[PDB]
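Here is the structure we will look at, set down as structure tokens.
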């Protein structure tokens with residue numbers, strides 16, 4: 049019994065993650081980087097950032113674009129997590 | 053190394069850091085939430101899931117603040133360069 053339940057708990061845990069990972073793949077397409085570039089265009093200029101500085105980071109700087117894509121993923125995986133919890137409630 | 057160049061370097065670093073500080077206030081988290089609300093409801097993200105993440109998830113908020121900081125420091129870094137023009 050205690051081995052049959054650890055198994056059931058495992059299965060449910062794994063199905064939850066799959067649901068989440070798949071949910072996170074859908075949402076990720078909802079927030080492409082250009083939205084973040086626009087955000088910076090709309091808000092950082094009045095603070096001293098030229099359009100060029102923003103353009104350099106978003107269109108030219110390679111790491112920035114990667115650390116940016118990486119945070120988007122984290123954001124969507126996280127919101128996916130809470131979306132699942134919500135379904136489970 | 054000359055004193056002129058040493059200070060120039062030093063000053064540039066402070067300017068860059070004060071620029072980044074100014075930019076951080078130009079991008080509060082609620083702007084990122086709105087963004088999520090305007091583009092994720094269509095991909096399966098409910099208003100409640102976004103809210104939970106932005107208001108109730110401590111780590112989420114902190115990593116959000118971390119990335120935002122990195123964003124402005126990097127953009128500030130490139131702006132100072134451009135100031136060399």
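Protein chains in written order, with the authors' numbering: chain A, 49 to 137; chain B, 53 to 137.
Where is the CB? At the ideal position from N, CA and C, for every residue including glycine.
Min CB distance residue i to chain B below 8 Å
i, result
"residue 59 (chain A)", "no"
"residue 82 (chain A)", "no"
"residue 117 (chain A)", "no"
"residue 94 (chain A)", "yes"
"residue 107 (chain A)", "no"
"residue 67 (chain A)", "no"
"residue 25 (chain A)", "Residue 25 (chain A) cannot be examined here, being either before or after the span of chain A that is shown, 49 to 137."
"residue 50 (chain A)", "no"
Beta-carbon proximity list for residue i, same chain, < 7 Å, skipping 5 on both sides
i, result
"residue 131 (chain A)", "71"
"residue 53 (chain B)", "none"
"residue 109 (chain B)", "none"
"residue 64 (chain A)", "132"
Min CB distance residue i to chain A below 8 Å
i, result
"residue 99 (chain B)", "no"
"residue 64 (chain B)", "no"
"residue 89 (chain B)", "no"
"residue 121 (chain B)", "no"
"residue 131 (chain B)", "yes"
Cβ pair residue i, residue j closer than 8 Å
i, j, result
"residue 81 (chain A)", "residue 123 (chain A)", "no"
"residue 128 (chain B)", "residue 85 (chain B)", "no"
"residue 119 (chain B)", "residue 78 (chain A)", "no"
"residue 126 (chain A)", "residue 112 (chain B)", "yes"
"residue 4 (chain A)", "residue 100 (chain B)", "Residue 4 (chain A) is absent from the model: chain A starts at 49 and stops at 137."
"residue 51 (chain A)", "residue 121 (chain A)", "no"
"residue 91 (chain B)", "residue 83 (chain A)", "yes"
Cβ shell of residue i (< 6 Å), same chain only, five flanking positions each side left out
i, result
"residue 66 (chain B)", "none"
Start-to-end residues for the alpha helix (DSSP H) that takes in residue i
i, result
"residue 56 (chain A)", "50 to 76"
"residue 121 (chain B)", "110 to 135"
"residue 91 (chain B)", "81 to 91"
"residue 101 (chain A)", "99 to 103"
Cβ neighbours of residue i in the same chain (closer than 8 Å, five flanking residues each side left out)
i, result
"residue 97 (chain A)", "88"
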